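In listed order, ligands and their atoms are each counted from 1. Values below: all heavy atoms of this structure, side chains included; hydrogens, waters and symmetry mates excluded. The chains referred to below are lettered A, B, ... by the order of the sequence lines, with proteins before strands, and numbering in each begins at 1.
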Number of protein chains: 2
Amino acid sequence: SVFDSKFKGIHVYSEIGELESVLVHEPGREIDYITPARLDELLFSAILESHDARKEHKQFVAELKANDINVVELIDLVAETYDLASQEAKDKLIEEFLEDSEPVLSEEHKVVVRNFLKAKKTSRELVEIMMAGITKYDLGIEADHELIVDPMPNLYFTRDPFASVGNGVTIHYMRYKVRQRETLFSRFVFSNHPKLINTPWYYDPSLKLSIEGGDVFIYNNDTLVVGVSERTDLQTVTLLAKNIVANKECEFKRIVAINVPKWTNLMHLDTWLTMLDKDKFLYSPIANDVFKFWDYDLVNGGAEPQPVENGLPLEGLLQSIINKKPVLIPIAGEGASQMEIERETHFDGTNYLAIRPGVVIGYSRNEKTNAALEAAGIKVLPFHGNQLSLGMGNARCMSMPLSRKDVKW
Amino acid sequence: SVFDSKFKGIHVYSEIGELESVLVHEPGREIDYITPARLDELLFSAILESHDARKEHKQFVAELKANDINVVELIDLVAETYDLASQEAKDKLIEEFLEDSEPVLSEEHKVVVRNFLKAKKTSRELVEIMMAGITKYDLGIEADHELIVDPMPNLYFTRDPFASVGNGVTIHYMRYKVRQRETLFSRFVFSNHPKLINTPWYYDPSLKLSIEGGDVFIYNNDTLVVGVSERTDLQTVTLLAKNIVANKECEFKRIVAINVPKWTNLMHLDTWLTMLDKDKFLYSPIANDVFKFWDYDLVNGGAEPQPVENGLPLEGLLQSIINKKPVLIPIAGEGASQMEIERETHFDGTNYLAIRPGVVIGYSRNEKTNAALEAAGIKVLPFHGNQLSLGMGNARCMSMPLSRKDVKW
Ligand SMILES: *[C@@]([N])(=O)[N][C][C][C][C]([N])C([O])=O
Ligand SMILES: *[C@@]([N])(=O)[N][C][C][C][C]([N])C([O])=O
């Protein structure tokens with residue numbers, strides 16, 4: 001199994017607890033289909049050099065493993081799940097894939113595609129092709145366009161389709177179709193894998209209100225933090241609060257929604273503010289005047305708690321969550337120039353993955369931010385990911401914790 | 001000197017003769033000032049990771065040097081010229097630099113910058129800062145904006161400010177101000193360095209008709225080929241023909257103007273068609289229905305040769321130049337998908353530098369084009385330059401031949 005023996009189920013009650021299991025995805029053939037004319041549509045700042053990108057991702061994975069972390073590759077998890085899934089589950093995955101296809105498939109092409117998918121010899125090949133996209137060449141047919149089924153180039157950012165929330169999970173209604181299609185696999189593994197089937201869902205794609213994993217944070221057993229960004233709307237958080245209040249076993253007591261600049265290239269709260277240690281936060285000063293907060297009471301707020309604006313400054317807001325004096329580390333460090341803050345913020349300089357309290361992994365490129373993290377007492381385990389970074393996401397974006405060890409608060 | 005013992009002056013009568021001396025420029029501090037909001041303005045497709053960019057450039061230079069080529073760094077050529085220039089030329093360099101500043105300098109800032117420049121102890125320091133740009137921090141002054149004088153980030157694309165033409169040169173009036181400023185150094189070295197001072201100019205920046213080096217090709221002793229592109233206009237070529245005729249020592253007899261797609265990211269003829277061997281050419285099929293041609297008779301066309309339309313298809317046009325059937329190699333090779341052609345054409349897949357007939361240097365990333373070149377009998381010496389490529393130019397763009405050995409046609 002992709003899961004080691006200790007993995008029981010989803011268990012993520014912090015952003016910093018010693019990481020046990022994490023989900024990743026090395027960019028497959030899907031990124032080979034990104035073209036100049038479709039960059040904006042496919043959500044990339046520039047075309048990645050595929051070979052280097054895959055090499056960079058392997059170093060990322062290696063670093064994770066060197067820290068005794070159980071790394072799970074999306075493709076293998078999906079294929080493992082497919083292998084032990086009921087025939088109906090197997091056929092439904094193929095039908096839903098066809099129905100949610102982009103572009104929308106004429107009936108003739110649907111038949112050809114279904115037959116092509118079903119003719120795949122192995123479980124992994126099936127999954128690979130569904131993620132990669134399908135060309136007229138692959139099908140052996142004539143067509144007025146090369147991509148019969150578009151790629152899912154953003155799959156390597158496993159942070160976004162679904163988020164582990166305590167022992168539950170939120171499978172999202174993503175903002176753009178190009179990524180919405182990714183939640184097909186999320187629904188598949190949680191609805192069918194032995195180790196995940198019991199996982200409760202606090203949100204699902206049918207809900208139609210936009211929300212993505214990069215905006216979801218698990219600060220502690222009591223408080224969740226969700227961004228109001230280019231990808232997640234406040235009304236969606238309100239629905240989430242409702243769904244959580246409706247789940248009895250869920251023990252979270254509060255949600256703090258945090259407003260951030262609605263930039264298409266820094267699209268989630270995690271590209272503006274992250275929690276990297278018990279009392280340490282990394283943020284980009286560029287959002288100084290935009291940050292705005294709302295509290296949701298999941299205890300005494302009724303079955304449908306509403307957002308109550310919290311007028312505290314960022315430091316006071318954070319202190320109200322952890323009950324300790326918070327340390328705020330600015331992108332590029334004290335004394336950085338605006339050019340440096342803009343450039344390092346641009347390359348997701350706030351987006352580090354904490355693998356243990358105060359120990360993080362992130363791109364080596366943001367050197368001034370790396371220096372600032374070290375100076376603040378945080379250990380940085382850099383890895384080279386210049387190509388990967390062109391997809392506009394750093395290490396947090398390319399990971400989805402499945403289980404973290406308890407934090408000694 | 002930066003020039004080796006044998007360099008005698010400009011000697012470029014082809015695109016493929018054994019390269020003897022070539023001008024390059026390793027990206028200095030100027031690229032650290034590229035910010036996300038200024039990408040389109042500064043002419044970059046994305047922000048380069050500066051450190052890797054410089055390492056990539058050193059590899060490019062190492063490859064050139066491994067092939068017995070005298071590689072000249074622009075900073076050193078300018079500093080060397082400065083050291084031997086008259087006090088009048090030295091002072092004027094600084095005044096013209098201030099006069100042509102972007103943004104335009106206030107009188108107060110003008111005095112501050114001038115003093116700062118004159119206070120630099122070494123000529124290399126002076127050239128470095130003029131290229132890099134100047135911040136309020138560098139000057140130790142208070143200001144509303146950080147950049148008092150903008151960087152000239154594109155300087156590493158030495159192919160464009162001026163072109164060696166036979167034993168003469170064309171110093172250009174470039175399309176955009178951000179690059180026009182680079183010609184300051186071009187005029188300076190050709191007006192003061194003893195080994196360049198006798199070079200005749202067939203064009204200078206004061207003419208105000210747009211033209212750039214990437215559009216200039218020296219096919220052979222009789223024929224010059226100039227692109228009609230996003231950066232060079234047909235009327236400019238007409239003025240060039242006029243200037244060449246006026247020069248009695250010049251021996252070129254014909255100019256073939258070639259119309260190319262006017263794409264902002266594939267801005268010169270050399271991003272669409274290049275000559276890499278005595279009869280081998282690399283082109284992108286994407287320009288197939290756009291290529292159009294004109295002929296200028298430099299011998300019997302009068303004092304002001306006019307462009308005469310040439311109706312031959314590309315193969316016939318090229319044959320009329322080399323008097324031999326050309327071999328046309330398409331980007332990504334035979335059978336490539338349109339996605340492959342679009343991607344490799346995008347990364348300047350046509351932009352290779354010939355260091356001798358049938359032997360070229362260019363980025364390793366365009367693997368299908370590299371394979372097609374080798375399959376066509378051309379030896380490729382690749383190097384990794386993924387960061388450099390984000391500036392939208394390849395090896396030919398990053399070099400300006402100063403002298404080549406005669407070709408044994
Ligand atoms: C991080 N979690 O903010 N996500 C980055 C996702 C980048 C991707 N290209 C997209 O969704 O735009
Ligand atoms: C090569 N000669 O085609 N020139 C590329 C120059 C790229 C640069 N960023 C600019 O001038 O746009």
Answer side chain, backbone, both or neither: which part of A/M267 comes under 4.0 Å from ligand 1, heavy atoms only.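 Near ligand 1, A/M267 shows its side chain, while the N, CA, C and O stay back.
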Proximity of A/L43 to ligand 1 by residue part, where a heavy atom lies under 4.0 Å: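 Contact part for A/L43 vs ligand 1: both backbone and side chain.
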Per-atom contacts, ligand 1 versus [X] - under 4.0 Å to a heavy atom:
{"X": "A/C397", "answer": "1 (C), 2 (N), 3 (O), 4 (N), 5 (C)"}
{"X": "A/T271", "answer": "3 (O)"}
{"X": "A/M392", "answer": "5 (C), 7 (C)"}

Closest contact, heavy atoms only, A/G393 versus A/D348: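 Answer, listing the atom of A/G393 first, then A/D348: N-OD2, 2.8 Å.
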Identify the two heavy atoms, one from A/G227 and one from A/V237, that lie closest to each other, and give their separation to 0.1 Å.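 For A/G227 versus A/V237, the nearest heavy atoms are O-CG2, 4.4 Å.
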Proximity to ligand 2 by part of B/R179, non-hydrogen separation under 4.0 Å: side chain
Does an N or O anywhere in [X] fall below 3.5 Å from an N or O of ligand 1?
{"X": "A/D160", "value": "yes"}
{"X": "A/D270", "value": "yes"}
{"X": "A/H268", "value": "yes"}

At what distance, to the nearest 0.5 angstrom, does [atom1] of [X] lie from [atom2] of [Y]?
{"X": "A/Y352", "Y": "A/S399", "atom1": "OH", "atom2": "OG", "answer": "13.5 Å"}
{"X": "A/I34", "Y": "A/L42", "atom1": "CD1", "atom2": "CG", "answer": "6.5 Å"}
{"X": "B/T236", "Y": "B/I211", "atom1": "OG1", "atom2": "CD1", "answer": "6.0 Å"}
{"X": "A/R179", "Y": "A/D160", "atom1": "CZ", "atom2": "CG", "answer": "4.0 Å"}
{"X": "A/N154", "Y": "A/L43", "atom1": "CG", "atom2": "CG", "answer": "5.0 Å"}
{"X": "B/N265", "Y": "B/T271", "atom1": "CG", "atom2": "OG1", "answer": "8.0 Å"}

Write out the residue and atom name of the closest protein heavy atom to atom 8 (C) of ligand 1, then the distance separating them to 0.1 Å. A/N154 OD1, 3.3 Å
Could you identify the single nearest non-hydrogen protein atom to atom 7 (C) of ligand 2 and state the distance to 0.1 Å?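 It is B/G391 O, 3.3 Å.
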Please confirm whether B/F157 comes under 4.0 Å of ligand 2, counting heavy atoms of the residue only. yes
Can a non-hydrogen atom of B/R231 be found less than 4.0 Å from any atom of ligand 2?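 B/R231 counts as a contact of ligand 2 under the 4.0 Å cut-off.
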Pair A/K262, A/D233 - check salt bridge (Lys or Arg N to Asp or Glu O under 4.0 Å), show working. CA-CA 10 Å; A/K262 310 295 179 307; A/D233 302 308; over 6 Å; no
Which atoms of ligand 2 are found less than 4.0 Å from any heavy atom of B/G214?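 So the answer, numbered in order with elements, is 2 (N).
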For ligand 2, which atoms sit closer than 4.0 Å to a heavy atom of B/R159?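 Heavy-atom distances to B/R159 below 4.0 Å select 2 (N).
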Row check, B/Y33 ring normal vs B/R38 NZ/CZ: under 6.0 Å, within 45°: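 Geometry flag: not set, cation outside 6.0 Å or 45°.
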